[PDB]
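Chemist: mmCIF, C-alpha atoms, file protein_6.cif:
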data_final
#
loop_
_atom_site.label_atom_id
_atom_site.label_comp_id
_atom_site.auth_asym_id
_atom_site.auth_seq_id
_atom_site.Cartn_x
_atom_site.Cartn_y
_atom_site.Cartn_z
CA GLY A 1 103.20 114.51 83.77
CA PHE A 2 103.75 110.94 82.71
CA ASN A 3 102.68 109.26 79.57
CA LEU A 4 102.40 105.61 79.01
CA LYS A 5 101.45 103.26 76.37
CA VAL A 6 99.26 100.84 78.22
CA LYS A 7 100.16 97.30 77.52
CA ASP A 8 103.37 96.98 79.36
CA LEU A 9 105.57 98.08 81.93
CA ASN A 10 107.09 94.75 82.13
CA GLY A 11 109.66 96.13 79.91
CA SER A 12 108.45 99.60 80.46
CA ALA A 13 108.34 100.45 83.99
CA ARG A 14 109.70 98.05 86.43
CA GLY A 15 110.17 101.35 87.92
CA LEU A 16 106.67 100.66 89.16
CA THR A 17 104.47 97.74 90.25
CA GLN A 18 103.65 95.71 93.20
CA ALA A 19 105.68 92.90 91.72
CA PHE A 20 108.37 95.18 91.08
CA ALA A 21 107.69 96.39 94.38
CA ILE A 22 108.45 92.92 95.54
CA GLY A 23 111.36 93.31 93.40
CA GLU A 24 109.89 90.28 91.84
CA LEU A 25 111.11 91.33 88.52
CA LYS A 26 110.21 90.77 85.07
CA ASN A 27 107.08 88.95 83.91
CA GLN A 28 103.61 89.99 82.79
CA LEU A 29 103.06 88.18 86.01
CA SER A 30 100.03 86.47 87.42
CA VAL A 31 98.02 86.97 90.36
CA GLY A 32 96.66 83.54 91.03
CA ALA A 33 93.48 85.05 92.25
CA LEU A 34 93.08 84.26 95.30
CA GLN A 35 91.50 85.50 98.58
CA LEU A 36 90.02 88.03 100.81
CA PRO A 37 88.74 91.48 100.62
CA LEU A 38 89.75 94.92 101.67
CA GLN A 39 89.35 98.65 101.87
CA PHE A 40 89.96 101.26 104.54
CA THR A 41 88.55 104.57 105.21
CA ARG A 42 91.64 106.27 105.86
CA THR A 43 94.96 107.35 105.13
CA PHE A 44 97.26 108.61 107.57
CA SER A 45 99.40 110.23 105.04
CA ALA A 46 101.76 112.87 106.24
CA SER A 47 99.92 115.72 104.91
CA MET A 48 99.78 115.81 101.10
CA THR A 49 100.02 119.52 101.12
CA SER A 50 102.34 119.88 103.95
CA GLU A 51 105.19 122.29 103.36
CA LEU N 661 58.75 57.26 70.86
CA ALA N 662 56.99 57.25 74.03
CA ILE N 663 59.53 56.15 76.40
CA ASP N 664 62.11 58.63 75.99
CA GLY N 665 60.72 61.71 77.26
CA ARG N 666 60.20 60.44 80.54
CA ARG N 667 63.64 59.22 80.52
CA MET N 668 64.65 62.58 79.55
CA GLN N 669 62.83 64.26 82.40
CA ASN N 670 64.54 62.65 85.18
CA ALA N 671 67.86 63.68 83.93
CA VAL N 672 67.10 67.11 84.35
CA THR N 673 66.20 66.34 87.66
CA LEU N 674 69.49 64.91 88.16
CA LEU N 675 70.78 67.92 86.99
CA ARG N 676 68.56 69.57 89.27
CA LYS N 677 70.04 67.83 92.05
CA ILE N 678 73.39 68.72 91.20
CA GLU N 679 73.34 72.37 90.37
CA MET N 680 71.28 72.85 93.30
CA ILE N 681 73.92 71.74 95.48
CA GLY N 682 76.34 73.39 93.26
CA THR N 683 74.90 76.42 94.65
CA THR N 684 76.42 76.65 97.97
CA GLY N 685 78.92 79.24 98.67
CA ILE N 686 81.62 77.08 99.52
CA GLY N 687 81.04 75.70 96.19
CA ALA N 688 80.61 78.87 94.54
CA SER N 689 83.63 80.39 95.71
CA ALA N 690 85.38 77.55 94.47
CA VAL N 691 84.14 78.38 91.19
CA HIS N 692 85.36 81.60 91.85
CA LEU N 693 88.78 80.65 92.40
CA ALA N 694 88.56 78.85 89.31
CA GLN N 695 87.28 81.42 87.11
CA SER N 696 89.86 83.80 87.94
CA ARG N 697 92.35 81.29 87.37
CA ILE N 698 90.79 80.11 84.32
CA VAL N 699 90.92 83.45 83.19
CA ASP N 700 94.38 83.95 84.23
CA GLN N 701 95.81 81.58 81.80
CA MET N 702 93.33 82.77 79.50
CA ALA N 703 94.40 86.28 79.73
CA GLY N 704 97.37 85.95 77.45
CA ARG N 705 95.29 84.03 75.08
CA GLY N 706 92.13 85.91 75.11
CA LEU N 707 91.90 88.92 73.00
CA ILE N 708 88.35 89.49 71.83
CA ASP N 709 85.91 91.62 73.73
CA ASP N 710 83.01 89.61 72.42
CA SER N 711 80.29 90.65 74.71
#
Take the structure in this file and express it as structure tokens.
Modeler:
Amino acid sequence: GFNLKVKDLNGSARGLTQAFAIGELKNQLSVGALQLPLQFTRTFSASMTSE
Amino acid sequence: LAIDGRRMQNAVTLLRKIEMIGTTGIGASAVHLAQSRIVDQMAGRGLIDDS
């Protein structure tokens, strides 16, 4: 599959990212820091192998 | 020559007061927030993986 040179996608794959996902677009882009934890246990995904 | 040391001692104590209260979560977290942030600016800047 997909190859990437890891130093950017902020110029090389804003066809990806959470920011991007915001559609907040273009920047190396900070995360201030800033808060509270998570995890799950679960997925609820369709069925990965489904078909 | 004599007097100093004693004068020194207490300082440390002072210090001792302070860090001591500096430990406290609500403190510490604060640090936390900081560090991250400190780092954040830093991140562009920083380059060396000096260990």
Chemist: Give the answer as one residue: which of N:678, N:698, N:707, N:693 has the shortest atom-to-atom distance to chain A, using only C-alpha atoms?
Modeler: N:693
Chemist: Please return, as a VMD selection string, all residues of chain N lying within 10 Å of chain A when only C-alpha atoms are considered.
Modeler: chain N and resid 689 692 to 701 703 to 704
Chemist: Grab the atom CA of residue N:691 to atom CA of residue N:669 distance for me, in Å with one decimal place.
Modeler: 27.0 Å
Chemist: Quick one, how far is atom CA of residue A:19 from atom CA of residue A:38?
Modeler: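 Value for the atom CA of residue A:19-atom CA of residue A:38 distance: 18.9 Å.
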Chemist: Contacts of residue A:13 at 12 Å or less, counting all atoms listed in the file, minus same-chain residues fewer than 3 places along, as a PyMOL selection string?
Modeler: chain A and resi 2-10+16-21+25-28
Chemist: Store the residues picked out above, limited to C-alpha atoms, as an mmCIF file, keeping the file's coordinate frame.
Modeler:
data_model
loop_
_atom_site.group_PDB
_atom_site.id
_atom_site.type_symbol
_atom_site.label_atom_id
_atom_site.label_comp_id
_atom_site.auth_asym_id
_atom_site.auth_seq_id
_atom_site.Cartn_x
_atom_site.Cartn_y
_atom_site.Cartn_z
ATOM 1 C CA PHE A 2 103.750 110.940 82.710
ATOM 2 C CA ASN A 3 102.680 109.260 79.570
ATOM 3 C CA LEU A 4 102.400 105.610 79.010
ATOM 4 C CA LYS A 5 101.450 103.260 76.370
ATOM 5 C CA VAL A 6 99.260 100.840 78.220
ATOM 6 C CA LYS A 7 100.160 97.300 77.520
ATOM 7 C CA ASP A 8 103.370 96.980 79.360
ATOM 8 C CA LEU A 9 105.570 98.080 81.930
ATOM 9 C CA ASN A 10 107.090 94.750 82.130
ATOM 10 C CA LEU A 16 106.670 100.660 89.160
ATOM 11 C CA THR A 17 104.470 97.740 90.250
ATOM 12 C CA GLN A 18 103.650 95.710 93.200
ATOM 13 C CA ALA A 19 105.680 92.900 91.720
ATOM 14 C CA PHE A 20 108.370 95.180 91.080
ATOM 15 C CA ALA A 21 107.690 96.390 94.380
ATOM 16 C CA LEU A 25 111.110 91.330 88.520
ATOM 17 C CA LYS A 26 110.210 90.770 85.070
ATOM 18 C CA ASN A 27 107.080 88.950 83.910
ATOM 19 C CA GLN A 28 103.610 89.990 82.790
#
Chemist: Please, what distance in Å, to one decimal, runs between atom CA of residue N:676 and atom CA of residue N:711?
Modeler: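 Value for the atom CA of residue N:676-atom CA of residue N:711 distance: 28.2 Å.
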Chemist: Start from the incomplete input, build N, CA, C and O atoms for stretch 694-706 of chain N, and deliver everything as a PDB file, keeping the file's coordinate frame.
Modeler:
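In the end it all went to rebuild_34.pdb:
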ATOM      1  N   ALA N 694      88.372  79.337  90.582  1.00  0.00           N
ATOM      2  CA  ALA N 694      88.560  78.850  89.310  1.00  0.00           C
ATOM      3  C   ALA N 694      88.605  79.868  88.309  1.00  0.00           C
ATOM      4  O   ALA N 694      89.495  79.872  87.511  1.00  0.00           O
ATOM      5  N   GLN N 695      87.522  80.614  88.234  1.00  0.00           N
ATOM      6  CA  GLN N 695      87.280  81.420  87.110  1.00  0.00           C
ATOM      7  C   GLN N 695      88.350  82.327  86.860  1.00  0.00           C
ATOM      8  O   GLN N 695      88.838  82.504  85.783  1.00  0.00           O
ATOM      9  N   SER N 696      88.813  82.890  87.925  1.00  0.00           N
ATOM     10  CA  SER N 696      89.860  83.800  87.940  1.00  0.00           C
ATOM     11  C   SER N 696      91.008  83.170  87.356  1.00  0.00           C
ATOM     12  O   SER N 696      91.674  83.683  86.490  1.00  0.00           O
ATOM     13  N   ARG N 697      91.238  81.971  87.816  1.00  0.00           N
ATOM     14  CA  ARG N 697      92.350  81.290  87.370  1.00  0.00           C
ATOM     15  C   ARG N 697      92.239  80.886  85.997  1.00  0.00           C
ATOM     16  O   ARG N 697      93.192  80.845  85.248  1.00  0.00           O
ATOM     17  N   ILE N 698      91.051  80.579  85.592  1.00  0.00           N
ATOM     18  CA  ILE N 698      90.790  80.110  84.320  1.00  0.00           C
ATOM     19  C   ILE N 698      91.145  81.150  83.407  1.00  0.00           C
ATOM     20  O   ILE N 698      91.886  81.038  82.451  1.00  0.00           O
ATOM     21  N   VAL N 699      90.692  82.269  83.827  1.00  0.00           N
ATOM     22  CA  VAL N 699      90.920  83.450  83.190  1.00  0.00           C
ATOM     23  C   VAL N 699      92.328  83.748  83.128  1.00  0.00           C
ATOM     24  O   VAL N 699      92.794  84.336  82.187  1.00  0.00           O
ATOM     25  N   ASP N 700      93.054  83.479  84.174  1.00  0.00           N
ATOM     26  CA  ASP N 700      94.380  83.950  84.230  1.00  0.00           C
ATOM     27  C   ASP N 700      95.196  83.415  83.141  1.00  0.00           C
ATOM     28  O   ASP N 700      95.946  84.124  82.497  1.00  0.00           O
ATOM     29  N   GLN N 701      95.073  82.135  82.872  1.00  0.00           N
ATOM     30  CA  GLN N 701      95.810  81.580  81.800  1.00  0.00           C
ATOM     31  C   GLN N 701      95.366  82.172  80.583  1.00  0.00           C
ATOM     32  O   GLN N 701      96.111  82.426  79.661  1.00  0.00           O
ATOM     33  N   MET N 702      94.063  82.354  80.589  1.00  0.00           N
ATOM     34  CA  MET N 702      93.330  82.770  79.500  1.00  0.00           C
ATOM     35  C   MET N 702      93.788  84.060  79.047  1.00  0.00           C
ATOM     36  O   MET N 702      93.581  84.407  77.913  1.00  0.00           O
ATOM     37  N   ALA N 703      94.226  84.890  79.972  1.00  0.00           N
ATOM     38  CA  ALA N 703      94.400  86.280  79.730  1.00  0.00           C
ATOM     39  C   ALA N 703      95.342  86.606  78.607  1.00  0.00           C
ATOM     40  O   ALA N 703      95.060  87.442  77.747  1.00  0.00           O
ATOM     41  N   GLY N 704      96.429  85.830  78.518  1.00  0.00           N
ATOM     42  CA  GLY N 704      97.370  85.950  77.450  1.00  0.00           C
ATOM     43  C   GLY N 704      96.701  85.635  76.154  1.00  0.00           C
ATOM     44  O   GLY N 704      97.037  86.081  75.074  1.00  0.00           O
ATOM     45  N   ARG N 705      95.789  84.680  76.230  1.00  0.00           N
ATOM     46  CA  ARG N 705      95.290  84.030  75.080  1.00  0.00           C
ATOM     47  C   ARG N 705      94.262  84.878  74.540  1.00  0.00           C
ATOM     48  O   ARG N 705      94.367  85.342  73.422  1.00  0.00           O
ATOM     49  N   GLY N 706      93.269  85.140  75.374  1.00  0.00           N
ATOM     50  CA  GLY N 706      92.130  85.910  75.110  1.00  0.00           C
ATOM     51  C   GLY N 706      92.509  87.219  74.596  1.00  0.00           C
ATOM     52  O   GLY N 706      93.541  87.746  75.005  1.00  0.00           O
TER      53      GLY N 706
END
